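Engineer:
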Ligand SMILES: *CCC(=O)Nc1cc(Nc2cc(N3OCC[C@@H]3c3cc(F)cc(F)c3)ncn2)c(OC)cc1N1CCC(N2CCN(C3CC3)CC2)CC1
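So, in structure tokens, the structure goes:
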């Protein structure tokens with residue numbers, strides 16, 4: 696058939712990593728910040744840890762969550778968060794690199810204004826480039842949003858939380874799964890209605906994600922009850938044009954949110970189309986005051 700990936704997963708002891716501060720948490724697995732010292736010594740490095748806090754339904758899913766994270770370690774992308782290691786306690790614990798500046802939503806909302814015309818355009822290039830790697834490794838992400846994009850540096854974003862991921866094999870160009878536990882707002886009507894997931898279902902999320910960035914961390918369909926996205930989408934409504942966006946940029950968001958996922962854009966085009974706009978940010982984004990400078 697194909698080729699051995701042989702991407703490896705390290706195993707570590709509950710005593711190689713302690714737990715500092717409680718970052719995110721809730722419903723599913725909770726997550727902490729901490730330091731980690733590898734076997735022996737050398738140097739000490741910061742890290743984030745996910746422990747489930751037991752259940753065959755619970756343990757079976759967190760397994761596949763970490764499985765995918767290493768199966769795509771291959772060469773590995775700088776816009777795709779790599780799996781550091783894993784420790785097997787009662788409560789299984791997952792270890793990744795720590796991203797010091799949080800996530801794009803909690804970062805964009807903080808500097809709602811005062812973000813650069815380039816920075817916004819670069820992130821589109823970045824998020825798209827990473828998703829191309831995921832698309833190339835036959836992986837869909839389903840849960841792509843600004844909440845699930847982290848910032849290593851103000852000019853470096855990555856994708857994470859493969860919690861709902863699923864690896865599409867040879868042939869089968871779609872997938873079906875749990876009839877629930879889904880983010881409806883960032884979801885495509887092809888999926889909301891038929892529980893089918895193509896690579897083009899993630900294209901839909903990309904549009905919503907960039908929309909979040911351009912709207913400076915605003916909530917898609919605020920107040921619109923989740924029960925109605927099926928109707929409001931089929932009726933025609935979509936997220937309105939962000940203020941700073943030109944017809945050129947919003948046209949991309951609209952092309953992604955088309956019903957026919959087949960006429961939706963491919964990720965490769967998104968890199969090129971957005972890489973071009975990065976070369977002239979002031980012509981494609983109308984930011985109230987440029988001149989980036991210091992803080
Ligand atoms: C968008 C929300 C968020 O995640 N903020 C955030 C992010 C980091 N950096 C970070 C995150 C992660 N990942 O979380 C899940 C996926 C990934 C991950 C994957 C794993 F396999 C394991 C794992 F542990 C994590 N990975 C690495 N790095 C971060 O680290 C500094 C902190 C935060 N926080 C922002 C502030 C926020 N908090 C502040 C106060 N405020 C409340 C009023 C009380 C809002 C919440 C807490 C999260």
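Residue numbers (PDB author numbering): 696 to 748, 751 to 992. Ideal placement from N, C-alpha and C gives every residue a C-beta, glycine not left out.
#1: For residue 906, which three-state DSSP category applies?
#2: From what residue to what residue does the alpha helix (DSSP H) around residue 743 run?
#3: In the DSSP assignment, find the alpha helix (DSSP H) that holds residue 826 and state where it starts and stops.
#4: Give me the Cα-Cα distance between residue 929 and residue 845, rounded to the nearest whole angstrom.
#5: What does residue 952 pair with, by DSSP beta-bridge criteria?
#6: Please tell me whether residue 766 and residue 859 are closer than 9 Å, where the distance is taken between their beta carbons.
#7: Can you tell me which of the three DSSP states residue 897 falls into?
#8: Consider the C-beta atom of residue 712 and the heavy atoms of ligand 2; say whether any pair is separated by less than 8 Å.
#9: For residue 801, which three-state DSSP category applies?
#10: Within the continuous alpha helix (DSSP H) that includes residue 886, where are the two ends?
#11: Look at the alpha carbon of residue 747 and the alpha carbon of residue 741, and state the distance between them as a whole number of angstroms.
#12: Which of the three DSSP states, helix, strand or coil, is assigned to residue 979?
#13: Which residues does DSSP pair with residue 850 in a beta bridge?
#14: Taking the alpha helix (DSSP H) that residue 760 falls in, what are its first and last residues?
#15: Starting from the Cα of residue 945, find the closest Cα among 980, 961, 915 and 764 and give me that residue.
#16: Scan the stretch 706 to 742 and note each continuous beta strand (DSSP E) run of 3 residues or more that stays entirely inside, going in chain order.
#17: Can you check which of these residues, 760, 707, 942 and 705, is closest to residue 724 by C-alpha distance?
Structural biologist: Checking against the coordinates, here is how it stands:
#1: Residue 906: helix per DSSP, three-state reduction.
#2: No alpha helix (DSSP H) holds residue 743; the beta strand (DSSP E) holding it covers 740 to 746.
#3: 814 to 833
#4: 25 Å
#5: Looking at the DSSP assignment, residue 952 forms no beta bridge with any residue, so it has no partner.
#6: yes
#7: helix
#8: As far as ligands go, the structure on display features ligand 1 and does not contain ligand 2.
#9: helix
#10: 886 to 891
#11: Each residue's alpha carbon lies about 20 Å from the other.
#12: helix
#13: 853
#14: 753 to 768
#15: 980
#16: 725 to 731
#17: Residue 760 is the option with its Cα nearest to residue 724.
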